[PDB]
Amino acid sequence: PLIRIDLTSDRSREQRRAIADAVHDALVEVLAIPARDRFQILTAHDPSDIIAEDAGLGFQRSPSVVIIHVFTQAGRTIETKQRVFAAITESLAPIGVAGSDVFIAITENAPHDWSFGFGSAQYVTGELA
């Protein structure tokens, strides 16, 4: 899967890397995805460039919001996805990201929509499972 992590620039770089580690450890845990199946783009913005309010659920976020957008193969179950949301959030708490400051989304495609390198579509050819 391809992960876009968009966060604010008050966070340290050590922590940005640790957030990226945590998001990835968590996807390996629940998806049982290979450990080197790791593709992430970390982007840091001024605090003012990311707006994430509460959707009227009755909480506030710090300005240090982490938005995590997972692009992944269709196939995963509703509960697998629920387990993904939980594992990521709990993976991030000991690392300094409060559960109120985590926003996750998934958007889906198919195995034939991926090229990991060399102009090749590895899921189509069978090189990747």
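Heads up: residue numbers just count along the shown sequence, starting at 1.
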Next item on the list: Could you settle it for me: does 90 to 98 or 67 to 75 have the higher average Cα B factor in the PDB entry?
Entry: 90 to 98
Next item on the list: Compare the mean C-alpha B-factor of 10 to 18 with that of 105 to 113 as given in the PDB entry, and name the stretch with the higher value.
Entry: 10 to 18
Notebook entry, point to check: In terms of the chain's CA B-factor thirds, is residue 82 lowest, middle or highest?
Noted result: middle
Item checked: CA B-factor placement of residue 52, once the chain's modelled residues are sorted into thirds -> highest
Check: Against its chain's modelled residues, does residue 27's Cα B factor rank lowest, middle or highest third?
Finding: middle
